[PDB]
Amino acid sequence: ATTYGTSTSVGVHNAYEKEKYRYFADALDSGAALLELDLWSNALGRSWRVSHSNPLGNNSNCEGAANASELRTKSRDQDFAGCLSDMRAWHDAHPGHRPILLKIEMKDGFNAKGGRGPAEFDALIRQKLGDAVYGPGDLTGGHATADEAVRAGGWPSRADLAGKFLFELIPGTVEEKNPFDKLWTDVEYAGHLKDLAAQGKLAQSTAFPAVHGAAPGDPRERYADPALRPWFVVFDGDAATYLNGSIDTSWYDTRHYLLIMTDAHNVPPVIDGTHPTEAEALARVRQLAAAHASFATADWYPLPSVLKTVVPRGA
């Protein structure tokens, strides 16, 4: 049987977009293993916005359903709390559902000073999803760090993660463009986990920060503070880059780290990001699995059968 660390599965980028999925419920029902959401924390006023582009209100397929009977009924363009409500409603209506990873790009990083930092992020997810989350506290157990835990014992079996949501955080594109040196999402959230762990409060955490940007060796060497490094057990980078010869991807599989490969369609020879043939997409997923991906992501909403695919990771 596979574990969350020994399988390869498929994700949909920007799954909150109405053009892909009329309602977020449709994204949840797609069978995809990974659904990506773009969040903004530094817009004015309350709420985490959900939007591809600079937000004006929100632009999303989330409806803030109160229960499953309300799915596919309400006005959309709801915020992050709205998406989380859809998830809870859908969750309750699908006992034992496949585990789903919500990949969160914090477009503009966190906004601690405005009440939208790591702690508030966790608190909101706890409020909306409660026991349905498998977070760093769950993986880490009695171990000193997430890294120690995952290397020694790996992830639970996929069967055991039935009915669970997981969260991945990456830094955002706007964040990468800041002329100043405000801490990025990755270091900020990893530091939050480190501080929680030191305080004996890792249980209240809700998300795994990822190292974003494919790189050779141990990508966590990019962080000057070695104390932050063992809180990163997820890595997220360009598929073609991972396959270009410069990176030993077996390293991730050996250590049971999750490896998300983005723009899976751009691996040569390129295939369509949205409407490839089923055969093309499946071959691509198998290729990336052999290359030790945990997830292959693209825009393949027209191919739910492919989105549902789960195969052995590596060999």
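Each residue number is its position in the shown sequence, starting from 1.
Read off the CA B-factors in the entry, average them over 146-154 and over 106-114, and name the higher stretch.
Looking at the record's C-alpha B-factors, the answer is 106-114.
Compare the mean C-alpha B-factor of 257-265 with that of 281-289 as given in the PDB entry, and name the stretch with the higher value.
281-289 has the higher mean C-alpha B-factor.
Looking at 164, 192, 222, 74, which has the biggest Cα B factor in the entry?
Largest recorded C-alpha B-factor: 74.
Out of 180, 134, 208, 242, which shows the largest CA B-factor listed in the entry?
Among 180, 134, 208, 242, the PDB entry lists the largest C-alpha B-factor for 180.
How does residue 16 rank on Cα B-factor within its chain, lowest, middle or highest third?
Its C-alpha B-factor belongs to the middle third of this chain's values.
Entry-reported Cα temperature factor of residue 232, expressed as the chain third it lands in:
For residue 232, whose C-alpha B-factor we compare with every modelled residue in the chain, the answer is the lowest third.
For the chain shown, is the CA B-factor of residue 2 in the lowest, middle or highest third of its modelled residues?
Top third by C-alpha B-factor.
Name the third of the chain's ranked CA B-factors that contains residue 301, choosing lowest, middle or highest.
For residue 301, the deposited C-alpha B-factor lands in the highest third.
Ordered by C-alpha B-factor within the chain, which third holds residue 201? Give me lowest, middle or highest, please.
Highest third.
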